[PDB]
Amino acid sequence: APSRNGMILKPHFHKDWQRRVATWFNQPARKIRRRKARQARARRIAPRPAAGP
Amino acid sequence: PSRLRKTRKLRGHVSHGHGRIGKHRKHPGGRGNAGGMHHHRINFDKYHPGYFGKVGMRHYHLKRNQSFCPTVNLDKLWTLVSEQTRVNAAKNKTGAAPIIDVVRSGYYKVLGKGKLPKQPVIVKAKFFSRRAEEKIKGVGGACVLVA
Amino acid sequence: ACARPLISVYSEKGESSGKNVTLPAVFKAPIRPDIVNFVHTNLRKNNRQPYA
Amino acid sequence: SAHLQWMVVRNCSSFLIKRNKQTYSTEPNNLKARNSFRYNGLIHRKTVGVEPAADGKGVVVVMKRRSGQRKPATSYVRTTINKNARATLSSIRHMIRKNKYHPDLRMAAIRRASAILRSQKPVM
Amino acid sequence: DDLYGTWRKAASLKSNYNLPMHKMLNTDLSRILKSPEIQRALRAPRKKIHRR
Amino acid sequence: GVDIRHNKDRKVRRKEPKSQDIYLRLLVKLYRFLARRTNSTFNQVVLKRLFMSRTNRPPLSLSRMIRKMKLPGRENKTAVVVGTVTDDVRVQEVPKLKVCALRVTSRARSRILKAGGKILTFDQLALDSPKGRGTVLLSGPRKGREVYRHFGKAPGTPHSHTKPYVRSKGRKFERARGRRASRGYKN
RNA sequence: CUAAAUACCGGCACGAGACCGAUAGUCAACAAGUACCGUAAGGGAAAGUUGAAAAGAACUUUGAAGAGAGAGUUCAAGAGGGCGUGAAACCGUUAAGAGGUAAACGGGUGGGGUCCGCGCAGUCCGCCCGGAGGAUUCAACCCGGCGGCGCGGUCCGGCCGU
RNA sequence: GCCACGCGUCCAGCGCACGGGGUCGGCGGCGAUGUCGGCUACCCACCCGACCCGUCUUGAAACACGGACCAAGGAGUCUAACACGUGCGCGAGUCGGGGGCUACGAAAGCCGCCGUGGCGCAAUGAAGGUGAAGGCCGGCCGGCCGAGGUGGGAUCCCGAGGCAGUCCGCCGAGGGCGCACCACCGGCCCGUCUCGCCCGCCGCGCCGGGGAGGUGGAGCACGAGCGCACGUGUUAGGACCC
RNA sequence: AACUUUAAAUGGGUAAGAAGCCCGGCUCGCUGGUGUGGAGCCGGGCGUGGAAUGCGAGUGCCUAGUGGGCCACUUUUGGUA
RNA sequence: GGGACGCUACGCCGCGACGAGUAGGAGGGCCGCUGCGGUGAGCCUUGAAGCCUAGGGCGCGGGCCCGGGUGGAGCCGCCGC
RNA sequence: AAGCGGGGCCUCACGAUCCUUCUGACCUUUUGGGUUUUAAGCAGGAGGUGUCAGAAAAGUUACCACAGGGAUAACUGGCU
């Protein structure tokens, strides 16, 4: 039931989307994991540049 | 802030702001945009004209990269180069017109919307409008095509 | 403020040292407790662990 | 300034207390003990403060200088008066009116000193 | 002075940041209100209580 | 029994600004004294506009302020804007000006002072002209917001040009039956 | 054929919480997927708290005993074994009042109880007078320190300039 | 009976009070083991009034439905999208949200040569595409003026006057610049319809474009958005609960 | 009531000025015996504010609930009521 | 040319007019519960929370503070979330 | 000739989206470019939804079921 004035909206929530919900609480922990593996790789190739070829 | 919401003032009221005759049922009018050719006809015509039907040609594999042709008006033409170049252009007695490369700043077409100050320019752009050219020639400038 | 004072550096025994440093213009910034309360109550929601 | 800092201390201050449909402030120089712009001891550049003496006999008069405004250790100078009741009220009246030192609170200091001397009077 | 700068010089460690401007300069309106310049262009104060 | 209607006996207007910032309130306190003690209506427009919401006191572009001082109160005369004074990039030459505003954008302060202008705050304006003598009060385009294009007479109605609420404009986004004379009808 | 960025409500070991607090939080804080039910697939509970320490009431007496009365432990049995705090519905008993239009209620009084006012001789505070007293005592000068202001008509020198 | 007190020239203090809302500079008693006071809350008596709540309903005390009593629990919540309003920071810009560098800290700060990209800054047409003022002067060219007008418009400006004689400020008949905004008439951009005169090039036509008058556009005509938060309302989600 | 020459009461529009009158003059590709007619532009002169009474008006967004009604005087339809 | 009060300006003061209410909407709560960041040199075994109360009271009201009893270990006021 | 006529002297005799068909062009796309079929577009008509602002639609239940409705019937009581 639309109101007086507004948009026509198509919310893509007719599937069982609540089961497939990806939270992002790993993001602060992921950044540490990316940094620690990057720092560990650099010490393995200590004379070579960290970026690579 | 749930303390600032309406439900804190609705405690003790039987119908909770939804009326006693027309109770707050589940879906009285149907889910979503139901009834376009039906009981919601007036709202779909008085507020969304042109919703129902097809018009135009279909285009199967459209790439938005091909249609990228950003435009810039003659208002913000001198804003592309720094203000120092504008002062020295009118200061110079030889008449050396500075070059403003439109593609360098990230635009391809030049439109003749605005007024141009009376000092010559050299405009390098991927495309030009008809009125944009005459305004540049009216000051004594040149339009240079570049790809 | 037009003129800024001269803050004196203090030693480890509480006596005033001879060195003096001009007060930074940061201490002359406008005082907006509403904005500080807006930022403080919003940044405290970021160091929060979810419960469900 | 005085008006700028008042708008901050008026609600979120540690010295302010509110209960029983009343509002008070426990500032060291807030004579009359009320939360107000005139009576705030910390807000203004020039402040008059009346406190009981350390030994219980007499009154100490708090005087705030205008030199070290951001130097609270030096900004306050304290003078002790341990004379008779009439002479004590004459001195506090002289320090405020004849020095033109924030003169709207001359009688308020007189009212406070008249009760502190009465408080240390021997109880019946 | 290098993390936020003064009003005539931007911060050297921030990319693009300067101290915010003041909405008003003389915040002590008590000095403003009894300043002579306003005091000429004022009407006479009416403070006689006229009850019913 | 009294046969009067209490439907609109309470006038709806702002008595004090809904902002909780203390610098505006000190400026409001200054102009409440000036409204009820001076006889000028300028201190009554400024005080009324200081209460107003952000959408009610639209930013004023610099080029508009140049344009209104090309037709000024006959030249030394200051400009008083309650809103924010913004910079315009499609203006070439700027004269020296006397501008009073609550806020000025950082580029506009450099542009005005480069031409020998002067920028005053509202507490400085009272010290300069307590009664608003020799002042021009300006304002930005109140209907300049994009919101007002959606307002007014509803679309799908004859001679009722009003922007509809569409997520994205295209060939298949409200160009059909309600718009096409070939398809159904048009208005 | 091939690691890395990627996923991980199972498992191992962790750390943490603006989360919930025994009708909440996992069904399960406890001999919980247990007791129990259905032929079976399966369904599926209720249930935390003495005391700091049992110091868990020795001994005497009635009763066949359950149960009591003394005595004893403890800071406290008014914490005595499903025992911390022990509300309401409900019941028993004591005190007061009342009682043929079911009971109950609003307004207005009146009477009786209940404790309280710690009321039972009803206010002090200033100014002036009187006389009895008792001081190390007033004003005015000298010395030292501190503070305020100054248009010092513009003294001198510092510091800063959104 | 009188809200009438002087001369010549020309045609002020003392008291009284039907007076800007009450005072007494007036009194009498009783108060230590039986007296005073105590709205309310404990109980009881009388007069008046008085049908048991919730809900559906035009209509409830109903012979309309739920309801023995008590304790605990118990029902518009969260995510996403949008619209409007408000507050904040910046401003024709705005924003890291994704990624890197430096117990609380999974925080906070920094990196725009990490702004890629989102929104806005240009629209119109199905699309090819096109894509936002003109006037004057001199002989299609060369100079000049150069960003529409009318009415209403809060505010600001001047001063005929008036508060022997100048300055300040006051107000002032009347005269103007006119903010925002409204109504109208015009002007410009795109599509469409009609009518012409023409010019021109790197490849002279079934070519390329201009002009004039109507018409359609969610356009231009000296910006206003971006980011965050709050409230309301409509939705998709279990969606106020059974 | 589905006839009407007549024809009320009640009722429904409009006007009671400053955006109104009276002049003078330009423009028009509209109309043409004729600066004919019309319209639009300007400039100027007229305030006793042109009936009574009463009252501050105008305007923009968002928006819940409602969309089962009933009764009373007068008029009136169906029906014996 | 030597002197009363005041003014938490989100405060104080003076005039007049008005006060119904279902659905529904809005505003104010120094009404109430729980937890978090600040804050009260806060309360507390010389007695916290909870519970009972024929007492004293306050506020129109949501409710709140003392007096008494029980209780034995935590709890509250203000500014925001 | 002034004039009248873009249907019937007037008050009535008719139809959205999508799809199909026809017509109109020195019109646009058909996808990396060119030519030609074809197909998709613009505009104007037609093919109809009579439940006529427009679903594609036969019955029975005495074996019946659910949410409801005294808004609605069979019985008593009311009005006539």
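All Cβ positions, even for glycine, are placed from backbone atoms using ideal geometry, and neighbour counts span all protein chains on display. Each value in this text was obtained by applying a stated rule to the coordinates, not by laboratory testing.
Identify all residues within the range F:142-154 that are near RNA strand H (Cβ under 7 Å from one of its atoms) and either touching a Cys at 6+ places or on another chain (Cβ under 6 Å) or part of a loop (DSSP other than H, G, I, E, B) (or both); write none if there are none.
F:142, F:143, F:144, F:145, F:150
Can you find a residue in the range F:142-151 that is within 14 Å of chain B (Cβ to nearest Cβ) and under 25 Å from the mean Cα position of the chain (by Cα)?
So far as the range F:142-151 goes, yes, one or more of its residues are within 14 Å of chain B (Cβ to nearest Cβ) and under 25 Å from the mean Cα position of the chain (by Cα).
Quick check on this structure: which one of F:181, F:176 is within 14 Å of chain B (Cβ to nearest Cβ), loosely packed, with under 14 Cβ neighbours inside 10 Å, in a loop (DSSP other than H, G, I, E, B) and within 16 Å of RNA strand K (Cβ to nearest atom)?
F:181
With respect to residue A:24, determine if the residue is closer than 23 Å to residue B:32 by Cα, among the hydrophobic types (A, V, I, L, M, F, W, C) and within 15 Å of RNA strand G (Cβ to nearest atom).
no
Residue B:14 passes all but one of (1) surrounded by fewer than 12 Cβ atoms within 10 Å (Cβ to Cβ); (2) more than 16 Å from RNA strand J (Cβ to nearest atom); which number fails?
Among (1) surrounded by fewer than 12 Cβ atoms within 10 Å (Cβ to Cβ); (2) more than 16 Å from RNA strand J (Cβ to nearest atom), the lone unmet condition for residue B:14 is (2).
Please work out which residue is nearest to the other protein chains (Cβ to nearest Cβ), limiting yourself to the range F:13-56 and to residues that are assigned to a helix (DSSP H, G or I), farther than 27 Å from residue E:40 by Cβ and within 16 Å of the chain's Cα centre (by Cα).
Only one residue tops the list, namely F:54.
Can you list the strands (runs of 3 or more DSSP E) lying wholly within the range D:1-94 that have 3 or more residues being away from RNA strand G (no atom under 16 Å from the Cβ)?
D:16-19, D:22-25
Inspect all residues belonging to the range E:9-16 and state whether any of them is surrounded by 12 or more Cβ atoms within 10 Å (Cβ to Cβ), assigned to a loop (DSSP other than H, G, I, E, B), away from chain D (no Cβ under 14 Å) and of a type in the set (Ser, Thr, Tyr).
There is no residue in the range E:9-16 that is surrounded by 12 or more Cβ atoms within 10 Å (Cβ to Cβ), assigned to a loop (DSSP other than H, G, I, E, B), away from chain D (no Cβ under 14 Å) and of a type in the set (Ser, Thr, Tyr).
Failed condition for residue F:26, given (1) under 14 Å from residue F:137 (Cα atoms); (2) buried (at least 19 other Cβ atoms within 10 Å of the Cβ), with all others met?
With (1) under 14 Å from residue F:137 (Cα atoms); (2) buried (at least 19 other Cβ atoms within 10 Å of the Cβ) applied to residue F:26, the lone miss is (1).
Please state which one of A:43, A:30, A:4 is within 16 Å of RNA strand G (Cβ to nearest atom), of a type outside the set (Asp, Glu) and either exposed (fewer than 10 other Cβ atoms within 10 Å of the Cβ) or over 30 Å from residue B:45 (Cα atoms) (or both).
On inspection, the qualifying residue turns out to be A:30.
Suppose we keep only residues that are crowded, with 16+ Cβ neighbours inside 10 Å and within 14 Å of chain E (Cβ to nearest Cβ) within the range D:10-45. Which one would you say is nearest to residue C:34 (Cα to Cα)?
The residue in question is D:43.
Just give me the residues in the range C:20-52 being β-branched (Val, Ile, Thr), part of a helix (DSSP H, G or I) and surrounded by 10 or more Cβ atoms within 10 Å (Cβ to Cβ), in sequence order.
C:26, C:35, C:36, C:39
Out of (1) near RNA strand G (Cβ under 8 Å from one of its atoms); (2) within 17 Å of the chain's Cα centre (by Cα), what's the single condition that is false for residue C:34?
(1)
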